[PDB]
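In: Sequence first, structure after; it's an experimental one.
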Amino acid sequence: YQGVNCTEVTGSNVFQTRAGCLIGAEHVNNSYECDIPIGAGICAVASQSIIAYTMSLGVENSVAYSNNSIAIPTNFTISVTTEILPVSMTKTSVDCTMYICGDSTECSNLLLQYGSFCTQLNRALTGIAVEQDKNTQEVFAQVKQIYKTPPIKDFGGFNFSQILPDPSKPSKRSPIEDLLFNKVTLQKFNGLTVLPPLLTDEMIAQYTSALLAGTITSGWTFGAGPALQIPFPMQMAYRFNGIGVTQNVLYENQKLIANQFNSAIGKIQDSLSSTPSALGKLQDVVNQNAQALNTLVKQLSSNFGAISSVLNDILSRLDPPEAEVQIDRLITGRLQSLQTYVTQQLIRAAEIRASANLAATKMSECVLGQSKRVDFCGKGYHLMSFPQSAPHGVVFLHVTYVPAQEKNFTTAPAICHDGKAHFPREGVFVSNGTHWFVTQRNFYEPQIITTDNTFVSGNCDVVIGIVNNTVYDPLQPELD
Amino acid sequence: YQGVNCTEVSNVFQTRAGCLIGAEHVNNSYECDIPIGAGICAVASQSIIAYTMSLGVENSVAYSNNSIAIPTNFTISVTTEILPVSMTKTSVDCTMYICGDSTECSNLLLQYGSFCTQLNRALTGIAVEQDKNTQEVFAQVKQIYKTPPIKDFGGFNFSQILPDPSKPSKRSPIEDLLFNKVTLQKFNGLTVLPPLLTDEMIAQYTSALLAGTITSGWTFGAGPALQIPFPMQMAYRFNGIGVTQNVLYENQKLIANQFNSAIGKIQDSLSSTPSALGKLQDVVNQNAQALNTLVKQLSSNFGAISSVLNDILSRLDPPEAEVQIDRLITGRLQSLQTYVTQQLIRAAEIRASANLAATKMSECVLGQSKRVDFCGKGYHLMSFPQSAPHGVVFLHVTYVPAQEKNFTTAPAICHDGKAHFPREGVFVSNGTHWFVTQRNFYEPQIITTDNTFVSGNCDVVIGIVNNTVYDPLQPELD
Amino acid sequence: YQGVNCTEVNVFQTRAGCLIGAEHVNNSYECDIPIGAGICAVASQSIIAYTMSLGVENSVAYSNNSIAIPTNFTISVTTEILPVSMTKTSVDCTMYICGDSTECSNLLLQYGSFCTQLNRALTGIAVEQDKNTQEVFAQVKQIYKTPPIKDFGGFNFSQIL
Amino acid sequence: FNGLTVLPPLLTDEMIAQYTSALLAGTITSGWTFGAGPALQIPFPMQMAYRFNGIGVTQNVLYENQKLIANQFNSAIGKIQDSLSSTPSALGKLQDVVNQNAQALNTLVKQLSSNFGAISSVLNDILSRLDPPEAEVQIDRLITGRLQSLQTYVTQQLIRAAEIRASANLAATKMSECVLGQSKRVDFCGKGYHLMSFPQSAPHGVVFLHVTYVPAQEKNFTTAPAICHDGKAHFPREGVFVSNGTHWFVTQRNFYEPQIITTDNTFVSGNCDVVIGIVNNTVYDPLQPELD
Ligand SMILES: *[C@@H]1O[C@H](CO)[C@@H](O[C@@H]2O[C@H](CO)[C@@H](O)[C@H](O)[C@H]2NC(C)=O)[C@H](O)[C@H]1NC(C)=O
Ligand SMILES: *[C@@H]1O[C@H](CO)[C@@H](O[C@@H]2O[C@H](CO)[C@@H](O)[C@H](O)[C@H]2NC(C)=O)[C@H](O)[C@H]1NC(C)=O
Ligand SMILES: *[C@@H]1O[C@H](CO)[C@@H](O[C@@H]2O[C@H](CO)[C@@H](O)[C@H](O)[C@H]2NC(C)=O)[C@H](O)[C@H]1NC(C)=O
Ligand SMILES: *[C@@H]1O[C@H](CO)[C@@H](O[C@@H]2O[C@H](CO)[C@@H](O)[C@H](O)[C@H]2NC(C)=O)[C@H](O)[C@H]1NC(C)=O
Ligand SMILES: *[C@@H]1O[C@H](CO)[C@@H](O[C@@H]2O[C@H](CO)[C@@H](O)[C@H](O)[C@H]2NC(C)=O)[C@H](O)[C@H]1NC(C)=O
Ligand SMILES: *[C@@H]1O[C@H](CO)[C@@H](O[C@@H]2O[C@H](CO)[C@@H](O)[C@H](O)[C@H]2NC(C)=O)[C@H](O)[C@H]1NC(C)=O
Ligand SMILES: *[C@@H]1O[C@H](CO)[C@@H](O[C@@H]2O[C@H](CO)[C@@H](O)[C@H](O)[C@H]2NC(C)=O)[C@H](O)[C@H]1NC(C)=O
Ligand SMILES: *[C@@H]1O[C@H](CO)[C@@H](O[C@@H]2O[C@H](CO)[C@@H](O)[C@H](O)[C@H]2NC(C)=O)[C@H](O)[C@H]1NC(C)=O
Ligand SMILES: *[C@@H]1O[C@H](CO)[C@@H](O)[C@H](O)[C@H]1NC(C)=O
Ligand SMILES: *[C@@H]1O[C@H](CO)[C@@H](O)[C@H](O)[C@H]1NC(C)=O
Ligand SMILES: *[C@@H]1O[C@H](CO)[C@@H](O)[C@H](O)[C@H]1NC(C)=O
Ligand SMILES: *[C@@H]1O[C@H](CO)[C@@H](O)[C@H](O)[C@H]1NC(C)=O
Ligand SMILES: *[C@@H]1O[C@H](CO)[C@@H](O)[C@H](O)[C@H]1NC(C)=O
Ligand SMILES: *[C@@H]1O[C@H](CO)[C@@H](O)[C@H](O)[C@H]1NC(C)=O
Ligand SMILES: *[C@@H]1O[C@H](CO)[C@@H](O)[C@H](O)[C@H]1NC(C)=O
Ligand SMILES: *[C@@H]1O[C@H](CO)[C@@H](O)[C@H](O)[C@H]1NC(C)=O
Ligand SMILES: *[C@@H]1O[C@H](CO)[C@@H](O)[C@H](O)[C@H]1NC(C)=O
Ligand SMILES: *[C@@H]1O[C@H](CO)[C@@H](O)[C@H](O)[C@H]1NC(C)=O
């Protein structure tokens, strides 16, 4: 009971919160993750009872910051994450005269003095129905040509059978898009029609297959100009080069990267097939639209203060000039309900338009390229991503680089040699205790400190924290 | 006919979207011109045709085991992006819209409370935020920058976008033809407030932005304006997309000629193409349509005996006039409330579009963009702001690659048991000899120790060819 | 006086209307009170009206072979303020419209689902505000803690920690 | 009030402050890496060295000006509290939302006293002196007036909640791309070249402290796009050719450090006859005095 102080009145056990007080739950003293929200930091089954607790925000981890210590990963994991965004709705259209005014010329002659309200609501719903197809074309119709995969799948160990369309299945869908269509589940009444979308469900999938074939074949050059093909290890090597990792890492770990990619792609179908409400962002759109239509039909049964809600029943036993004011209450109540429906559909269409603009932005900046912006295409350093078609939406499979298996190294800002301060060209100076090396920042790869990976500026008396080591000059064994 | 079958009523064709009469069904597909629904679109060969839309030309790119396509040329191109930022600052009067000059219905209007005050406050908030949208988009410079009096930009011509001193309004030809392309109520108590920034001041803001970017690059959007030679600015804008700057210094005349041709095509495309200013014509048409139905809803009776207030106050005494007065006030009040609701929903969309236009000004005009398909199709270099009536036009100058060769590659080169990886660019080969070139242009170089780096040995990479990596140290010692 | 001529009772005619009580000056300032159509509005014991000045003019010395390389810099901290949530309010329709009266409530139930639609919409707003706050602030999987020794190389964080 | 209740937020101000404290400790002790994967520790000079390296400034500029950069940062951080204490209406974006919500609530309370054509506005008086079959329409006018005012308030809160949801999506994007990393987007995380950002808890909002790199003092120099040497044209590998009047130097674009033009600082492309407006100078090959 929120907003009461329960010294006044099931009554099992009573705890006083700041969000009211809660009856029937035991207040434990240890904190967990918030499972059922209540309010004011209190959340709510464990140990044969419903428990109530102050939430735990996360596991506390004080990372070992130090004077001259750095942490660089010696390995990585490649994780694929899903993001689900709705792009469109059902294009509903309401005939106002048939809706408030079913087959009665008496209400029609009573309705012509209300003016242009019904064609205003029809214009608003028509603009909504034009806006949904514009949203779908702005999300999916971004490639100028339809690209096709090669008949041989020689991608260097990278397996795309879960993502590319399968000709054995009808309407040319992937297993992931097929399970999305099986996990998203979708009549004709008085005055209500549902306009079909301009882009059909088998043919939005042709745009997604064209984008997938163009991405896998050509990198991002099809999004810029003509589609310039590339081997897929070379494509993933320069996508590794876009996030500060040198190209030799994939060329020395290519089978591990291919196996991690295939395992992470195969875990996606199992994760969104075994996790409930992962497609809730698509399910709530269909549920809100169908519930708004069900409320719109259900407000025809309201009397609005009249003797009955049936227009022929209140005409069949009453005179015309009291049946006039009995009809007119139903006209103003059903017209107010119809304007409420059109207003809520306009606000929901604005929300769907904002989500579709976000989906088209994510399609352009994750699918047609590689994003340097953090957490816009998944958690981790973004490599590449995969669009998948969905009922009234789009699903992105963000393939991201995630570091793992770190080790401490003792670092320094600069290294003094012969009175000169050496700074790293790409990367940092690290040490394991005895010797100093130069590594790149995102991967542990120790190298001998030379003059072609360091640069010289200034002296050693100006840099705070400079250490002393030697720098190997490559001219020395030829001079010796 | 939308929601029916083709069993109830010169040629009748059944579609999935309904029953279509008057269009011939043609098997082969075309690009969609008039949308119907469910993939069917609809004049060609003096008749109306009906077809499934074509999804673009279909080509299969020759994916190979070991080949990259690398361009030998490029076409620099200018695309237009047109975004609305504002609407007309409309404001109505409550008692003059609902009643007018009648205190004996003003007393019944005071029985409804603050229904005047809520709609006036909402329309006032819209009229304040429409100036905030224009200020947030155009007012991004601290200082008003001016062009040099001579125009020696290395070959680049900017007379289409710089303002003309012979013009009495101090506008560019592109901004003037944008002003001459769109075409545009104040009678019963509804007013149109003028904007805070006039068109000359908005053109002065865009001229300050234009002179600032051609004089400084991206430095004036960050800090103080640091001057640049403009070929060196375009070379440093090539250097941000992956092309080395030597390509511009060898092809500067071709870049200037293609840029001037692509800029001169913009005025011809905006003059010739019908409904080019669609997103700015649509907001003016929507505001005019809402204003027209706001005026036209006074002619409705709303159950009263006459729509005009003056004759029913002239022919009924108040204790039976007030039944008609209450119906007229209720109908006009909920009509005005409907208008304010649709104007708030439209003003949220205009606010989102103006936020997008200010964001596109900030990282297309004031800087260089690495997020692709956000500042035009292709590799973005820079863009030009152009003022527009209740809108802004971006002239996105992008780098689009031209014709290419298909080559043959290898990801690593083994030399004396050591695997050599390229620092920038990839290895290519035209059949016999191997070269190092950059990715976005074919500039083949001899494989040296300078442009390649070594890591590991030759048993870890799955495809390696064997060549000689030539260092200058052995001939300059021998 | 909005959108009229100055013929219907100092006097200054603007495009936005007839301005009475503000003197017109020739020179321009940065805008203080917005009037409209480039006019803005206290200085020298009176209310002034002026044309807007968009800034200070700066002809940057363009040459075909001249660079301005910065020899020095500054480190600037700016504040950006963004709202993320509002107050989770809710109304009861029966107690608001129809307080403690079943003889109004029996005719309020004749209107259908109007006032449970409003409750459902405000419930969705109140759910949406917590989703907004969690989406903005809850972006870490772990709660991180600063070390007790503030050896940050000369950088002071006590105003921020 | 009568029917109006205010639900408290799920996250209290201590928990929002602990989220911002976790974000601040994460960004101070690890840079950008805690938003990507695990929080990997780094010294804060080397963190600021990579954040200088992201905007075209080499790390040696910070490593020779670390005390000046720390003093400028501490002065600019200490100016924030003084500016927020002495400048009114800086928090107007947080003031207007609670002003609009409380003002809409006060309007919803004040519309209860409206008549809408009734003989009195309070329900109990028009109930208590009238019979029900004559009083039903007398109730029903107040019913439809209060219902129209309530659905007006719900429509206004829906449009305002859409606006606050758009602002919260912008704030979450600015958190993820200014706090959890370094952004190359111009004017997205403050005026200037963005280094790093600081979230701060606010009542119904968030305040970002964007640390930016702004250049201060510039000098004129004469350029050349290439340097001629024995028929070859040398183009800058990184930075610009500058001259003080007599001798030519290579410096980076965002800071003035002149170095001698060497063969490891430029690259050879083509000849001098194709590039317009280039000068003649000497590019010194470093191995020649080593063998000589
Ligand atoms: C890096 O080394 C430091 C110290 O050498 C480790 O920090 C210690 O972590 C344990 C874990 O609970 C604490 O009990 C110690 O007090 C910490 N010591 C110091 C000096 O902070 C740190 O765990 C190492 N990091 C990794 C990834 O191995
Ligand atoms: C890509 O992954 C799929 C999924 O494992 C592979 O399909 C399997 O193929 C083997 C035969 O090689 C069958 O025994 C399995 O039953 C298949 N699994 C499923 C789930 O159908 C597919 O072969 C892989 N592609 C390549 C080129 O190896
Ligand atoms: C690079 O070579 C490939 C194959 O050698 C070319 O692909 C063929 O191009 C011809 C052009 O007349 C077509 O008729 C063939 O059908 C293509 N074959 C395949 C399998 O696609 C490719 O076009 C060449 N690239 C360039 C730019 O010339
Ligand atoms: C790159 O493309 C340009 C055109 O985009 C080529 O320039 C043309 O060259 C022909 C050669 O006879 C001239 O007739 C044309 O007038 C040129 N056009 C322009 C706009 O200058 C150029 O030759 C191409 N270069 C390469 C190496 O293919
Ligand atoms: C920059 O472009 C403008 C526009 O194309 C050039 O103006 C043209 O000048 C010629 C004279 O040689 C006239 O015949 C054209 O009619 C002009 N065009 C227009 C639209 O008026 C201008 O000459 C160019 N600047 C330079 C230095 O070449
Ligand atoms: C770059 O700018 C800073 C700040 O303006 C200069 O630091 C000042 O230097 C003067 C004299 O050297 C001192 O009196 C001030 O106290 C310093 N201010 C601060 C905040 O440290 C710095 O000298 C400039 N660099 C150059 C090379 O001129
Ligand atoms: C970091 O900056 C803060 C600024 O407040 C310094 O704290 C102040 O120190 C002086 C010196 O004793 C005290 O008089 C003030 O009362 C302190 N202010 C506060 C708010 O505590 C702090 O000393 C600085 N840290 C270092 C290491 O210099
Ligand atoms: C670079 O050179 C230009 C021109 O030689 C300088 O611009 C002059 O600045 C002074 C400052 O008041 C003006 O009075 C002159 O009229 C300007 N000259 C021109 C031609 O506009 C500029 O100041 C120099 N830059 C620096 C940093 O000194
Ligand atoms: C709630 O009741 C307790 C019990 O007396 C009292 O101490 C407390 O002050 C009350 N709080 C409020 C807000 O009335
Ligand atoms: C990196 O992790 C993978 C886990 O799949 C493991 O197989 C591999 O050996 C690890 N590499 C190193 C160098 O530890
Ligand atoms: C480590 O801390 C000591 C003081 O305890 C200091 O003198 C030294 O300079 C620090 N080292 C580095 C690299 O900052
Ligand atoms: C169109 O195609 C279908 C099947 O492809 C065929 O049966 C029909 O005759 C074609 N129509 C015309 C006019 O060629
Ligand atoms: C190229 O094709 C051959 C045979 O078709 C195959 O053995 C080899 O693994 C392929 N890949 C390379 C060289 O990367
Ligand atoms: C106001 O009246 C004067 C008198 O004729 C006229 O010259 C002027 O144009 C009028 N101004 C407007 C804005 O109507
Ligand atoms: C403004 O300038 C005009 C033009 O000379 C002059 O007549 C007038 O007196 C000036 N007004 C003021 C207030 O300076
Ligand atoms: C220009 O630089 C050279 C090289 O250091 C120096 O000798 C000369 O004095 C400088 N001239 C001026 C005017 O600064
Ligand atoms: C710069 O302009 C001058 C005109 O005084 C000219 O002599 C010189 O050749 C031009 N330089 C370049 C590189 O265009
Ligand atoms: C540069 O050298 C070439 C050939 O030695 C000569 O023709 C040219 O005039 C020189 N440039 C200048 C500015 O003297």
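Out: That came in fine, so what should we check first? Residues are numbered from 1 along each chain as shown, chains lettered A, B, ... in the order given. Ligands and ions are numbered 1, 2, ... in the order given.
In: Can you tell me the SS state at the residue in the stretch 1-150 of chain A that ligand 1 sits nearest to?
Out: In the stretch 1-150 of chain A, the residue that lies nearest ligand 1 is residue A:64 (3.7 Å; CB to the nearest ligand atom). Where you see a C-beta, it was placed from the backbone N, CA and C, and this is true even at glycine. Look at residue A:64: counting by DSSP: H, G, I helix; E, B strand; the rest coil, its state is coil.
In: That one contacts residue D:41, doesn't it?
Out: Yes - between residue A:64 and residue D:41 a contact is recorded at 5.7 Å, counting by CB atoms under 8 Å.
In: Phi, psi for the closest residue to residue A:392 other than its chain neighbours please.
Out: The shortest distance from residue A:392 to any non-neighbouring residue, by CB to CB, 6 or more residues apart in numbering or on different chains, is to residue A:88 (5.0 Å). Main-chain dihedrals, residue A:88, degrees, to the nearest 10: phi -150, psi 170.
In: ok, residue A:64 and residue D:41, which is more surrounded?
Out: More crowded of residue A:64 and residue D:41, by other CB atoms under 10 Å in any protein chain shown: residue D:41, with 21 against 11.
In: gap between the residue nearest to residue A:392 and residue B:41?
Out: Applying CB to CB, to the nearest Å, the value for residue A:88 to residue B:41 is 18 Å.
In: How about residue B:280?
Out: Distance from residue B:280 to residue B:41, by CB to CB: 26 Å.
In: Those two - which one has more neighbours?
Out: The neighbour comparison of residue B:280 against residue B:41 (other CB under 10 Å) goes to residue B:280, with 22 against 19.
In: Give me the spatial nearest neighbour of that one, chain neighbours excluded.
Out: Closest to residue B:280 by CB to CB, 6+ apart is residue B:391, at 4.3 Å.
In: Number of residues surrounding the one you found?
Out: 24.
In: Nearest to ligand 16: which residue in the stretch 301-450 of chain B?
Out: Using CB to the nearest ligand atom, the closest approach of the stretch 301-450 of chain B to ligand 16 is made by residue B:450 at 27.5 Å.
In: Over to that residue: give its phi and psi.
Out: With angles defined as degrees, to the nearest 10, residue B:450 sits at phi -70, psi -40.
In: Next up, the contacts around the residue nearest to residue A:392.
Out: By CB atoms under 8 Å, 6 or more residues apart in numbering or on different chains, the contact set of residue A:88 is A:132-133, A:135-136, A:197, A:352, A:356, A:392-393.
In: and it, how far is that from ligand 4?
Out: Separation of residue A:88 from ligand 4 (CB to the nearest ligand atom, to the nearest Å): 40 Å.
In: try residue A:262
Out: Going from residue A:262 to ligand 4 by CB to the nearest ligand atom gives 42 Å.
In: Following element in sequence after the helix or strand hosting that residue, please.
Out: In the assignment (DSSP states H and E), residue A:262 maps to helix A:254-274. Using DSSP H and E, the next helix or strand after helix A:254-274 towards the C-terminus is helix A:280-298.
In: Report all helices and strands that that following helix contacts.
Out: Other elements packing on helix A:280-298 under the criterion 3 or more CB pairs under 8 Å, 6 or more residues apart in numbering or on different chains; DSSP states H and E are strand A:69-86, strand A:91-94, strand A:192-195, helix A:320-362, strand A:393-410.
In: Surely residue A:441 forms part of a strand?
Out: No - assigned with three-state DSSP, residue A:441 falls outside any strand and is coil.
In: tell me the contacts of it?
Out: Shown in contact with residue A:441 (CB under 8 Å, 6+ apart): A:72, A:244, A:427-428, D:50.
In: okay, those residues in TSV with distance to ligand 16 next?
Out: What follows is the contacts of residue A:441, written out as TSV (distance: CB to the nearest ligand atom, whole Å):
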residue	distance to ligand 16
A:72	40
A:244	36
A:427	32
A:428	32
D:50	31
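In: Go through these and say which is closest to residue B:409.
Out: residue A:244 (23.5 Å; CB to CB).
In: The closest one - nearest residue in space that isn't next to it in sequence?
Out: residue A:442 (5.1 Å).
In: do you know how far residue A:282 is from ligand 10?
Out: Applying CB to the nearest ligand atom, the value for residue A:282 to ligand 10 is 33 Å.
In: Without its sequence neighbours, what residue ends up closest to that residue?
Out: Per CB to CB, 6+ apart, closest to residue A:282 is residue A:393, 4.7 Å.
In: Also residue B:235?
Out: Per CB to CB, 6+ apart, closest to residue B:235 is residue B:245, 3.8 Å.
In: could you check the distance from the one you found over to residue D:275?
Out: Between residue B:245 and residue D:275 the distance is 11 Å, computed by CB to CB.
In: Taking chain B, what residue is nearest to ligand 10?
Out: Nearest residue of chain B to ligand 10, counting by CB to the nearest ligand atom: residue B:460, 12.6 Å away.
In: just checking, next helix/strand downstream of the one helix or strand residue B:339 maps to?
Out: In the assignment (DSSP H and E), residue B:339 maps to helix B:318-360. Next in sequence after helix B:318-360, counting helices and strands by DSSP H and E, comes strand B:379-388.
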